[PDB]
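A short write-up of the structure that comes next.
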Amino acid sequence: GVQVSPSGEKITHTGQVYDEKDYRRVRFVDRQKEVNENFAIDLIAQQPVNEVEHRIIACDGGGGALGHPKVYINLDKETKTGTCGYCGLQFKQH
Amino acid sequence: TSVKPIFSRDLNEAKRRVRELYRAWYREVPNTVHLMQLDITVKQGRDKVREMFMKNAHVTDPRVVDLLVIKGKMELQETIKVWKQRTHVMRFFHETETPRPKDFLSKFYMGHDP
Amino acid sequence: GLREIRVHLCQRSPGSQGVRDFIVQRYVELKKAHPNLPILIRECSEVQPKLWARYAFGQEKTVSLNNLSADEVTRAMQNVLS
Amino acid sequence: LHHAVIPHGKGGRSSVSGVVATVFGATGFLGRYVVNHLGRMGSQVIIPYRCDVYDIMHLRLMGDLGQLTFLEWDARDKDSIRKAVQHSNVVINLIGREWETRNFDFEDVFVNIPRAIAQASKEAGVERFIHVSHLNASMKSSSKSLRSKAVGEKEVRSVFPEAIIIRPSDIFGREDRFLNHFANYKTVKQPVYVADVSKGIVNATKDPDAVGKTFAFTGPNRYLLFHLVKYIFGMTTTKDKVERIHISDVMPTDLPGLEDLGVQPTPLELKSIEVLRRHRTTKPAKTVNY
Amino acid sequence: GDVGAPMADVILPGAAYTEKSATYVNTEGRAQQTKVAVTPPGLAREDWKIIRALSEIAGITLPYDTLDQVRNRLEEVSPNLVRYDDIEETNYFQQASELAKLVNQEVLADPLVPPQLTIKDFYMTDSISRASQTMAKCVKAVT
Amino acid sequence: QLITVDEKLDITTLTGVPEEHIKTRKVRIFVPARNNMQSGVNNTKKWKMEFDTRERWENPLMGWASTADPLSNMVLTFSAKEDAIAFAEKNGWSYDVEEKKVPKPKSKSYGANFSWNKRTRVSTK
Amino acid sequence: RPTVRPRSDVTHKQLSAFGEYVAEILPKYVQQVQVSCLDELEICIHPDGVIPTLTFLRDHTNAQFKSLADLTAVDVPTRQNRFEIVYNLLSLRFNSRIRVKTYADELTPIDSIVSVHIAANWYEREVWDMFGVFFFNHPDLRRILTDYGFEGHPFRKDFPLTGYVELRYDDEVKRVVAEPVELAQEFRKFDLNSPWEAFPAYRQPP
Ligand SMILES: NC(=O)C1=CN([C@@H]2O[C@H](COP(=O)(O)OP(=O)(O)OC[C@H]3O[C@@H](n4cnc5c(N)ncnc54)[C@H](OP(=O)(O)O)[C@@H]3O)[C@@H](O)[C@H]2O)C=CC1
Ligand SMILES: [Zn+2]
């Protein structure tokens with residue numbers, strides 16, 4: 001979530017802030033700093049872990065198309081979860 | 001080695017073509033500052049012509065000289081016929097830019113200009 | 001006030017035969033005589049041998065040794081050192 | 001130093017010059033050149049305005065994309081000057097009227113507003129302040145304008161000791177109130193060109209041997225008012241204006257001049273032709289010294 | 001700025017090897033040259049330009065204005081530093097040893113250990129390897 | 001109808017290129033090294049001429065990469081070092097030249113991985 | 001096949017025969033006749049055969065190559081004669097097309113053919129303006145596509161894409177001044193060519 005810096009500037013989803021001593025803060029004077037308040041890194045964490053009875057699981061994101069390329073993930077390592085490099089979802093072996 | 005020529009056999013004929021071109025320019029110059037209301041003086045214009053001529057003095061090849069004559073004639077046409085403008089003619093003096101200082105130190109101090 | 005000597009020479013060329021002869025004949029003696037002097041032997045390919053000698057406050061001289069014999073090279077060396 | 005200031009580039013429109021300048025008085029006649037000289041080398045330029053947005057459109061094209069920042073203000077409104085002086089290294093003041101309105105007297109213009117500007121600059125933490133005045137600035141003056149100018153210079157120095165005062169003489173260019181004022185229809189003048197003045201100021205904006213000093217920017221030559229007005233008429237209403245007209249130009253002694261910033265005088269005998277051809281439908285003037 | 005910069009009186013920033021054309025030489029006499037990839041950061045400059053300008057200021061104006069002139073100076077001082085990629089044979093070890101045989105100095109008892117024993121020390125041997133926050137990961141992982 | 005002009009060739013005054021970019025420069029003639037990522041050699045077959053790199057700084061507005069050298073993306077392709085150097089001379093550029101680093105012929109023997117006496121014996125097939 | 005292009009040999013035959021025809025009529029001014037896979041006929045010649053060959057092809061009864069579809073130049077800076085010159089010609093009596101090529105360089109001009117085809121009056125000016133190649137016996141030869149004070153030939157391979165100068169309005173002098181080029185986003189040079197050979201038929205020998 002956007003949390004403000006000493007100077008009074010909102011931080012972005014990639015930690016960008018004009019140093020308090022920076023002259024580039026002028027462009028915001030009498031204006032605003034466009035920032036997105038929905039952080040994917042948190043919205044995906046809010047999602048739960050899927051469970052499957054198979055040690056290998058295919059992910060596409062939803063619709064066959066409208067999703068992403070079908071990728072296959074392994075679930076032999078009960079220590080952690082199996083994450084998709086496209087959608088961020090994570091699965092377990094039960 | 002041996003070549004095929006262009007509009008000349010030797011640098012003497014080439015230079016006399018050049019001198020004819022200089023006659024033409026030198027003579028026409030003031031009509032330009034008259035037609036198009038340039039600020040500069042005819043002395044400045046003529047010094048500029050001399051500078052732009054001596055800029056290509058080391059040249060030796062009759063062909064490389066005939067081509068420069070051709071291009072100068074093209075420019076003189078564009079100028080006597082009012083196709084160029086105040087802008088195109090004043091694009092010779094560079095009134096809106098400082099030159100790269102010809103000093104190792106004046107270069108070093110600001111940038112990597114070698 | 002000499003501060004440095006540096007011989008630049010070649011190999012497999014006539015111009016440097018006298019200089020190679022000088023190096024084999026009188027270089028160890030010169031070093032042991034004046035050991036604290038920097039003598040820079042520098043050989044390359046397709047050069048004309050020279051002897052750049054550098055004095056105190058940023059000056060130096062040179063002499064072509066091309067087509068010279070060992071005795072003449074020693075003559076020039078002693079001339080410089082003197 | 002902050003990496004956002006390191007002057008990277010080659011001295012061009014799309015370069016960086018490390019000059020962050022808040023300029024008051026850009027909607028006028030000398031700012032129109034100061035801002036160009038600042039921006040055509042890659043400087044950041046804050047411009048406060050009180051005019052309507054139409055009268056500030058001749059300045060959007062003289063600087064690269066994103067270097068110009070136009071905001072609004074009001075001299076009587078403080079906290080509209082912090083906005084503009086903050087985020088800057090240099091402040092330039094060019095304000096000044098040739099007459100008095102209802103709300104704004106010479107006192108206000110030349111004493112009270114510059115003082116607050118310099119106060120806010122010092123508060124913010126900027127490192128250079130440049131103020132422009134008249135060559136004949138003096139308390140002993142038929143015109144009260146010059147009185148106020150010579151008072152405001154001290155009122156500034158009392159808050160910004162390391163400031164930089166610049167006293168040019170009657171300035172001549174296009175859209176100037178001197179040659180056009182004469183051609184609308186005992187005293188020697190040495191006028192000067194906006195190009196020279198702006199070059200001087202923009203050079204002082206970086207030059208390190210200019211702080212806590214003064215400069216008398218005067219032309220190369222001098223002329224008798226009569227010879228000059230006759231030259232005008234050959235090439236072709238305010239009491240205080242006429243008073244400033246009927247005063248000769250001082251020859252300031254050993255004061256750091258124009259050629260000390262690097263600039264060179266451009267004689268009026270070369271730009272009069274371009275300034276005056278508009279007022280149409282010759283030999284030069286004999287330069288003299290008293 | 002790692003060790004010698006804090007204990008300094010004046011500091012002149014310069015350019016690394018990814019930011020200058022410059023000759024280096026390996027253990028076999030093979031002269032090689034870098035090629036500028038990224039101009040230096042900010043006010044940093046090239047070292048030979050810095051020293052040249054310094055001399056010009058002092059009053060000792062050097063004769064080197066360009067890299068080709070500096071390379072011709074390198075040629076005069078030692079003519080091998082411009083034959084890039086090429087090694088040059090040498091044939092005077094007999095004299096070298098003839099002389100070196102007259103140098104009395106006795107060895108000592110302590111063994112001759114190498115300072116780099118474990119890979120833990122291969123990393124972090126120069127200022128760049130101390131600045132790298134990846135070499136630190138590698139050291140930490142090793143230990 | 002033929003003339004003899006044996007002097008060196010130059011077209012610098014016709015190219016229209018300026019002095020700053022015709023004398024203050026340094027050109028490089030080489031064969032682009034093979035990308036060790038790939039094993040293809042269809043890129044080490046034509047010589048290439050490029051220039052020295054110059055300042056490439058950051059725009060304050062957006063952070064983009066700004067320049068003033070208009071010959072930073074100029075790369076020319078040739079089939080022969082002689083032609084490359086002739087072109088360089090013709091135009092008036094001070095050039096450095098590199099040689100074609102060809103790999104050596106190698107002796108490969110699949111049988112060497114199973115010897116009875118040598119060290120080339122491999123421990124994993 | 002449905003994804004490949006058909007292939008008729010009658011045209012290859014006709015054009016090879018006409019190549020032999022043209023070449024044995026003009027053994028002089030001729031070299032490198034070639035008809036390609038896609039059935040197009042190129043004839044390379046010497047710069048001294050331009051008008052002879054064009055006139056022959058236009059007027060000869062068997063040829064009647066009247067229309068000058070196009071005139072072009074091409075810059076290959078790895079060959080001593082770097083400026084290839086191309087005339088694309090059309091005949092309506094036979095529904096046929098042909099290509100006539102020659103070569104040139106700097107300082108080595110070509111002969112104009114406005115006497116033969118008057119369309120060239122502008123194509124040759126365009127070539128001179130873009131590639132820097134003079135033509136003999138051209139009434140007017142001058143900048144046609146470029147600005148009036150432009151110094152350069154920009155369709156070469158050594159002229160930079162973005163150029164050497166740049167324009168903008170400056171209030172001081174009240175004009176459109178020129179200056180060096182300073183971009184806010186340097187054009188990016190994408191290196192795309194692949195390391196793996198795609199066509200063996202064109203594999204050069206080492
Ligand atoms: N030319 C001369 O004869 C000489 C002039 N000078 C100095 O030159 C400077 C500028 O000259 P010039 O360019 O002719 O000035 P201009 O009148 O051309 O414009 C000056 C600026 O002052 C601003 N200004 C004036 N009064 C007020 C006010 N009461 N409140 C807010 N803003 C105000 C105006 O902003 P807006 O337009 O938005 O109202 C205007 O843009 C002056 O400061 C003068 O002292 C010094 C010596 C000689
Ligand atoms: Zn997925």
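Following the order of the structure tokens, first chain is A, next is B, and so on, with residues numbered from 1 inside each chain and ligands from 1 in the order they appear.
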
Problem set entry | Expected selection as a list in words for ligand 2 within 9 Å, only C-alpha atoms and all ligand atoms |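 The distance check yields residues 58, 59, 60, 61, 62, 67, 68, 69, 70, 71, 72, 83, 84, 85, 86, 87, 88, 89 and 90 of chain A.
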
For this session: Do me a favour and pick out the residues of chain A within 12 Å of chain F, using only C-alpha atoms, as a PyMOL selection string.
Result: chain A and resi 18+22-27

List all protein, DNA and RNA residues that have an atom no more than 6 Å from any atom of ligand 1, counting only C-alpha atoms and all ligand atoms, and report them as an mmCIF file with N, CA and C atoms, in the first residue's frame.
```cif
data_model
loop_
_atom_site.group_PDB
_atom_site.id
_atom_site.type_symbol
_atom_site.label_atom_id
_atom_site.label_comp_id
_atom_site.auth_asym_id
_atom_site.auth_seq_id
_atom_site.Cartn_x
_atom_site.Cartn_y
_atom_site.Cartn_z
ATOM 1 N N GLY D 25 9.486 37.589 -13.457
ATOM 2 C CA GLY D 25 9.535 38.644 -14.447
ATOM 3 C C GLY D 25 9.787 38.118 -15.841
ATOM 4 N N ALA D 26 9.225 36.951 -16.148
ATOM 5 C CA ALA D 26 9.439 36.320 -17.444
ATOM 6 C C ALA D 26 8.417 36.747 -18.483
ATOM 7 N N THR D 27 7.208 37.109 -18.059
ATOM 8 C CA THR D 27 6.179 37.582 -18.975
ATOM 9 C C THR D 27 6.539 38.904 -19.642
ATOM 10 N N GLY D 28 7.680 39.497 -19.302
ATOM 11 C CA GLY D 28 8.013 40.824 -19.769
ATOM 12 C C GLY D 28 8.766 40.894 -21.079
ATOM 13 N N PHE D 29 9.930 41.540 -21.045
ATOM 14 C CA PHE D 29 10.663 41.887 -22.254
ATOM 15 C C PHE D 29 12.103 41.396 -22.178
ATOM 16 N N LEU D 30 12.656 41.324 -20.969
ATOM 17 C CA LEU D 30 13.992 40.776 -20.774
ATOM 18 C C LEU D 30 13.956 39.312 -20.367
ATOM 19 N N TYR D 49 3.658 33.104 -12.676
ATOM 20 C CA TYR D 49 2.895 34.024 -13.498
ATOM 21 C C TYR D 49 1.683 34.517 -12.721
ATOM 22 N N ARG D 50 1.289 35.749 -13.037
ATOM 23 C CA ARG D 50 0.019 36.320 -12.625
ATOM 24 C C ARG D 50 -0.889 36.625 -13.801
ATOM 25 N N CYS D 51 -0.347 36.663 -15.015
ATOM 26 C CA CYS D 51 -1.117 36.931 -16.215
ATOM 27 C C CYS D 51 -2.058 35.769 -16.513
ATOM 28 N N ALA D 75 1.982 38.569 -5.750
ATOM 29 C CA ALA D 75 2.997 39.227 -4.935
ATOM 30 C C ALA D 75 2.519 39.421 -3.501
ATOM 31 N N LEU D 94 13.468 40.087 -12.085
ATOM 32 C CA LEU D 94 13.469 41.025 -13.195
ATOM 33 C C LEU D 94 12.268 41.961 -13.137
ATOM 34 N N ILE D 95 11.510 41.939 -12.037
ATOM 35 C CA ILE D 95 10.291 42.729 -11.952
ATOM 36 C C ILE D 95 10.605 44.211 -12.145
ATOM 37 N N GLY D 96 9.582 44.959 -12.548
ATOM 38 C CA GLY D 96 9.682 46.399 -12.625
ATOM 39 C C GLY D 96 8.721 47.020 -13.614
ATOM 40 N N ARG D 97 8.100 48.122 -13.210
ATOM 41 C CA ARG D 97 7.196 48.889 -14.050
ATOM 42 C C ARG D 97 7.834 50.219 -14.427
ATOM 43 N N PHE D 104 0.009 48.862 -6.780
ATOM 44 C CA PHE D 104 1.448 48.623 -6.739
ATOM 45 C C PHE D 104 2.198 49.925 -6.977
ATOM 46 N N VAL D 109 6.997 47.531 -5.496
ATOM 47 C CA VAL D 109 7.639 46.773 -6.567
ATOM 48 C C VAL D 109 9.117 46.558 -6.273
ATOM 49 N N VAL D 132 18.223 42.755 -10.674
ATOM 50 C CA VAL D 132 18.540 43.699 -11.735
ATOM 51 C C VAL D 132 17.981 45.057 -11.350
ATOM 52 N N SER D 133 18.746 46.103 -11.639
ATOM 53 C CA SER D 133 18.370 47.463 -11.301
ATOM 54 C C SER D 133 18.770 48.362 -12.464
ATOM 55 N N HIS D 134 18.747 49.669 -12.234
ATOM 56 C CA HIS D 134 19.120 50.640 -13.249
ATOM 57 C C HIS D 134 20.533 51.152 -12.998
ATOM 58 N N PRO D 168 22.163 47.518 -15.594
ATOM 59 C CA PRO D 168 22.287 47.927 -16.994
ATOM 60 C C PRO D 168 21.700 49.315 -17.215
ATOM 61 N N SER D 169 21.901 49.815 -18.426
ATOM 62 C CA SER D 169 21.368 51.097 -18.845
ATOM 63 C C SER D 169 20.148 50.867 -19.733
ATOM 64 N N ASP D 170 19.617 51.948 -20.299
ATOM 65 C CA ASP D 170 18.500 51.859 -21.229
ATOM 66 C C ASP D 170 18.721 50.734 -22.228
ATOM 67 N N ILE D 171 17.806 49.771 -22.231
ATOM 68 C CA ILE D 171 17.940 48.552 -23.020
ATOM 69 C C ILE D 171 17.144 48.712 -24.304
#
```

For this session: Would you please give, as a PyMOL selection string, all residues of region 19-63 of chain C that DSSP assigns to helix (DSSP H, G or I) based on the backbone?
Result: chain C and resi 19-25+28-33

Could those selected residues go to a file with C-alpha atoms, as a PDB file, in the first residue's frame?
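Result written to result-v8.pdb:
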```pdb
ATOM      1  CA  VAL C  19      73.550  -3.683 -30.243  1.00  0.00           C
ATOM      2  CA  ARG C  20      73.133  -7.387 -29.485  1.00  0.00           C
ATOM      3  CA  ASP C  21      76.923  -7.693 -29.529  1.00  0.00           C
ATOM      4  CA  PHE C  22      77.155  -4.796 -27.074  1.00  0.00           C
ATOM      5  CA  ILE C  23      74.552  -6.389 -24.799  1.00  0.00           C
ATOM      6  CA  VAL C  24      76.379  -9.719 -24.687  1.00  0.00           C
ATOM      7  CA  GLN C  25      79.797  -8.070 -24.323  1.00  0.00           C
ATOM      8  CA  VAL C  28      76.910  -6.845 -16.829  1.00  0.00           C
ATOM      9  CA  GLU C  29      80.098  -4.819 -16.377  1.00  0.00           C
ATOM     10  CA  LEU C  30      78.200  -1.558 -16.855  1.00  0.00           C
ATOM     11  CA  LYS C  31      75.561  -2.608 -14.329  1.00  0.00           C
ATOM     12  CA  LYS C  32      78.045  -3.706 -11.664  1.00  0.00           C
ATOM     13  CA  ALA C  33      79.987  -0.480 -12.255  1.00  0.00           C
TER      14      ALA C  33
END
```

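Across G:171, G:206, G:176, G:49, the tightest approach to chain D is made by G:171 when counting only C-alpha atoms.
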
Under the rule of at most 8 Å, produce a per-residue listing of chain G near chain B: chain, number, name, the closest pair of atoms, and the distance in Å, as JSON lines, using only C-alpha atoms.
```
{"residue": "G:107", "atom": "CA", "partner": "B:63", "partner_atom": "CA", "distance": 5.8}
{"residue": "G:108", "atom": "CA", "partner": "B:4", "partner_atom": "CA", "distance": 7.3}
{"residue": "G:109", "atom": "CA", "partner": "B:6", "partner_atom": "CA", "distance": 7.9}
{"residue": "G:141", "atom": "CA", "partner": "B:74", "partner_atom": "CA", "distance": 7.8}
{"residue": "G:142", "atom": "CA", "partner": "B:74", "partner_atom": "CA", "distance": 6.0}
{"residue": "G:148", "atom": "CA", "partner": "B:84", "partner_atom": "CA", "distance": 6.0}
{"residue": "G:149", "atom": "CA", "partner": "B:88", "partner_atom": "CA", "distance": 5.9}
{"residue": "G:175", "atom": "CA", "partner": "B:87", "partner_atom": "CA", "distance": 6.3}
{"residue": "G:176", "atom": "CA", "partner": "B:87", "partner_atom": "CA", "distance": 6.3}
{"residue": "G:177", "atom": "CA", "partner": "B:91", "partner_atom": "CA", "distance": 6.7}
{"residue": "G:178", "atom": "CA", "partner": "B:91", "partner_atom": "CA", "distance": 6.4}
{"residue": "G:179", "atom": "CA", "partner": "B:97", "partner_atom": "CA", "distance": 7.3}
```

Would you save the residues from that selection as an mmCIF file, in the first residue's frame, using N, CA and C atoms?
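In the end it all went to out_38.cif:
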```cif
data_model
loop_
_atom_site.group_PDB
_atom_site.id
_atom_site.type_symbol
_atom_site.label_atom_id
_atom_site.label_comp_id
_atom_site.auth_asym_id
_atom_site.auth_seq_id
_atom_site.Cartn_x
_atom_site.Cartn_y
_atom_site.Cartn_z
ATOM 1 N N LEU G 107 32.644 10.692 -58.013
ATOM 2 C CA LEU G 107 33.568 11.285 -58.970
ATOM 3 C C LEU G 107 33.477 10.610 -60.337
ATOM 4 N N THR G 108 32.657 9.569 -60.498
ATOM 5 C CA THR G 108 32.539 8.815 -61.744
ATOM 6 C C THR G 108 31.082 8.850 -62.188
ATOM 7 N N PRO G 109 30.662 9.890 -62.907
ATOM 8 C CA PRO G 109 29.230 10.057 -63.197
ATOM 9 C C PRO G 109 28.679 9.106 -64.247
ATOM 10 N N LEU G 141 19.663 20.115 -62.578
ATOM 11 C CA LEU G 141 20.038 19.091 -61.609
ATOM 12 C C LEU G 141 20.212 19.787 -60.268
ATOM 13 N N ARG G 142 19.292 19.538 -59.340
ATOM 14 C CA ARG G 142 19.259 20.302 -58.102
ATOM 15 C C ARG G 142 18.440 19.551 -57.064
ATOM 16 N N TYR G 148 16.822 23.235 -48.827
ATOM 17 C CA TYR G 148 17.603 24.021 -49.772
ATOM 18 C C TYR G 148 19.075 24.072 -49.383
ATOM 19 N N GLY G 149 19.368 24.188 -48.093
ATOM 20 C CA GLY G 149 20.729 24.217 -47.605
ATOM 21 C C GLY G 149 21.257 22.891 -47.107
ATOM 22 N N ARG G 175 13.539 33.230 -35.998
ATOM 23 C CA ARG G 175 13.711 32.407 -37.185
ATOM 24 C C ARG G 175 13.725 30.940 -36.775
ATOM 25 N N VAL G 176 13.832 30.070 -37.773
ATOM 26 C CA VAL G 176 13.902 28.628 -37.561
ATOM 27 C C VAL G 176 15.369 28.253 -37.740
ATOM 28 N N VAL G 177 16.096 28.229 -36.633
ATOM 29 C CA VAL G 177 17.529 27.996 -36.684
ATOM 30 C C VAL G 177 17.820 26.501 -36.713
ATOM 31 N N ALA G 178 19.001 26.178 -37.231
ATOM 32 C CA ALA G 178 19.545 24.832 -37.239
ATOM 33 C C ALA G 178 20.625 24.710 -36.174
ATOM 34 N N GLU G 179 20.811 23.492 -35.691
ATOM 35 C CA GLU G 179 21.705 23.219 -34.577
ATOM 36 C C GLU G 179 22.134 21.768 -34.672
#
```

Problem set entry | Contact set, chain G to chain D: 7 Å, only C-alpha atoms, as a VMD selection string | chain G and resid 170 172 182 to 184

Using only N, CA, C and O atoms, please write the residues we just selected to a file, as a short mmCIF file (atom, residue, chain, number, x, y, z; two decimals), in the first residue's frame.
```cif
data_model
loop_
_atom_site.label_atom_id
_atom_site.label_comp_id
_atom_site.auth_asym_id
_atom_site.auth_seq_id
_atom_site.Cartn_x
_atom_site.Cartn_y
_atom_site.Cartn_z
N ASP G 170 13.70 30.07 -32.49
CA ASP G 170 14.33 30.80 -31.40
C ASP G 170 13.82 32.24 -31.42
O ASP G 170 13.92 32.92 -32.45
N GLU G 172 14.90 34.95 -29.95
CA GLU G 172 15.90 36.00 -30.06
C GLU G 172 16.00 36.51 -31.49
O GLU G 172 15.80 37.70 -31.76
N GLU G 182 20.42 16.71 -30.71
CA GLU G 182 20.43 16.24 -29.33
C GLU G 182 19.06 15.62 -29.05
O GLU G 182 18.07 16.32 -28.87
N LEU G 183 19.02 14.29 -29.02
CA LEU G 183 17.78 13.56 -28.83
C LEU G 183 17.57 13.25 -27.36
O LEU G 183 18.53 13.11 -26.59
N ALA G 184 16.31 13.12 -26.98
CA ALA G 184 15.93 12.73 -25.63
C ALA G 184 15.72 11.23 -25.49
O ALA G 184 15.42 10.76 -24.40
#
```

Problem set entry | DSSP-assigned strand (DSSP E) members of region 19-159 of chain D, reported as a ChimeraX atom specification | /D:20-24,44-49,68-72,90-93,128-132

Problem set entry | Nearest residue to chain F from the set B:80, B:72, B:30, B:60 (distances using only C-alpha atoms) | B:60

Exercise. If we count only C-alpha atoms, what is near residue 122 (chain D) at a cut-off of 12 Å, once residues fewer than 6 positions away on the same chain are taken out, given as a ChimeraX atom specification?
Worked result: /D:81-82,85-86,88-91,115-116,128-129,156-163

For this session: May I have the residues within 12 Å of residue 75 (chain C) as JSON, numbers by chain, using only C-alpha atoms and disregarding those fewer than 4 positions away in the same chain?
Result: {"C": [18, 19, 22, 26, 63, 65, 68, 69, 70, 71, 79, 80, 81, 82]}

For this session: Identify, on the basis of only C-alpha atoms, every residue whose closest approach to residue 226 (chain D) does not exceed 10 Å; exclude the query and any residue fewer than 6 positions from it along the same chain; express the result as a PyMOL selection string.
Result: chain D and resi 186-188+232

Export, as a PDB file, in the first residue's frame, the selected residues with N, CA, C and O atoms.
```pdb
ATOM      1  N   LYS D 186      23.380  67.897 -23.628  1.00  0.00           N
ATOM      2  CA  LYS D 186      23.352  67.963 -22.172  1.00  0.00           C
ATOM      3  C   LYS D 186      23.125  66.585 -21.559  1.00  0.00           C
ATOM      4  O   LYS D 186      23.362  66.384 -20.368  1.00  0.00           O
ATOM      5  N   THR D 187      22.667  65.638 -22.376  1.00  0.00           N
ATOM      6  CA  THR D 187      22.344  64.292 -21.918  1.00  0.00           C
ATOM      7  C   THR D 187      22.968  63.283 -22.869  1.00  0.00           C
ATOM      8  O   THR D 187      22.646  63.269 -24.061  1.00  0.00           O
ATOM      9  N   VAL D 188      23.851  62.442 -22.340  1.00  0.00           N
ATOM     10  CA  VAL D 188      24.538  61.412 -23.110  1.00  0.00           C
ATOM     11  C   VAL D 188      24.041  60.048 -22.654  1.00  0.00           C
ATOM     12  O   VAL D 188      23.838  59.819 -21.455  1.00  0.00           O
ATOM     13  N   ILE D 232      17.394  57.840 -35.056  1.00  0.00           N
ATOM     14  CA  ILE D 232      16.132  57.105 -35.116  1.00  0.00           C
ATOM     15  C   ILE D 232      15.278  57.626 -36.265  1.00  0.00           C
ATOM     16  O   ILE D 232      14.896  56.879 -37.174  1.00  0.00           O
TER      17      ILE D 232
END
```

Using only C-alpha atoms, which residues of chain F come within 6 Å of chain G, and what is the closest atom pair for each, with the distance in Å to one decimal? Give it as JSON lines, sorted by chain and residue number.
```
{"residue": "F:15", "atom": "CA", "partner": "G:152", "partner_atom": "CA", "distance": 5.8}
{"residue": "F:16", "atom": "CA", "partner": "G:152", "partner_atom": "CA", "distance": 4.6}
{"residue": "F:40", "atom": "CA", "partner": "G:195", "partner_atom": "CA", "distance": 4.4}
{"residue": "F:41", "atom": "CA", "partner": "G:195", "partner_atom": "CA", "distance": 5.5}
{"residue": "F:42", "atom": "CA", "partner": "G:195", "partner_atom": "CA", "distance": 4.7}
{"residue": "F:43", "atom": "CA", "partner": "G:195", "partner_atom": "CA", "distance": 5.3}
{"residue": "F:64", "atom": "CA", "partner": "G:185", "partner_atom": "CA", "distance": 5.5}
{"residue": "F:65", "atom": "CA", "partner": "G:185", "partner_atom": "CA", "distance": 5.1}
{"residue": "F:66", "atom": "CA", "partner": "G:184", "partner_atom": "CA", "distance": 4.5}
{"residue": "F:67", "atom": "CA", "partner": "G:183", "partner_atom": "CA", "distance": 5.8}
{"residue": "F:68", "atom": "CA", "partner": "G:182", "partner_atom": "CA", "distance": 4.5}
{"residue": "F:73", "atom": "CA", "partner": "G:189", "partner_atom": "CA", "distance": 5.9}
{"residue": "F:78", "atom": "CA", "partner": "G:78", "partner_atom": "CA", "distance": 5.1}
{"residue": "F:83", "atom": "CA", "partner": "G:78", "partner_atom": "CA", "distance": 5.5}
```

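For residue 197 (chain D), the set of protein, DNA and RNA residues having any atom at most 8 Å away, when counting only C-alpha atoms and skipping those fewer than 4 positions along the same chain, is residues 168, 192, 193, 201 and 217 of chain D.
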
Restrict the selected residues to N, CA, C and O atoms and save them as a short mmCIF file (atom, residue, chain, number, x, y, z; two decimals), in the first residue's frame.
```cif
data_model
loop_
_atom_site.label_atom_id
_atom_site.label_comp_id
_atom_site.auth_asym_id
_atom_site.auth_seq_id
_atom_site.Cartn_x
_atom_site.Cartn_y
_atom_site.Cartn_z
N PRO D 168 22.16 47.52 -15.59
CA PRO D 168 22.29 47.93 -16.99
C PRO D 168 21.70 49.31 -17.21
O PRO D 168 21.09 49.92 -16.33
N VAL D 192 22.30 49.40 -24.17
CA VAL D 192 22.79 48.03 -24.16
C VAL D 192 21.69 47.11 -24.67
O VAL D 192 20.51 47.46 -24.67
N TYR D 193 22.09 45.92 -25.11
CA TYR D 193 21.21 44.99 -25.81
C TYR D 193 20.73 43.88 -24.89
O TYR D 193 21.51 43.34 -24.08
N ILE D 201 23.63 37.61 -17.48
CA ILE D 201 22.93 37.03 -16.34
C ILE D 201 23.05 35.52 -16.34
O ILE D 201 23.31 34.90 -15.29
N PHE D 217 26.23 47.14 -16.83
CA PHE D 217 26.17 46.66 -18.21
C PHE D 217 25.80 47.83 -19.11
O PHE D 217 24.64 48.23 -19.18
#
```

For this session: Could you give me, as a ChimeraX atom specification, the residues within 12 Å of residue 120 (chain E), counting only C-alpha atoms and dropping anything in the same chain fewer than 5 positions from it?
Result: /E:115,125,135-143

For this session: Please identify every residue of chain B that has at least one atom no more than 9 Å from any atom of chain D, counting only C-alpha atoms, and report them as a ChimeraX atom specification.
Result: /B:37-41,97-98,110-111,113

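Using only C-alpha atoms, the part of chain F that sits within 6 Å of chain B is made up of residues 2, 3, 4, 5 and 6 of chain F.
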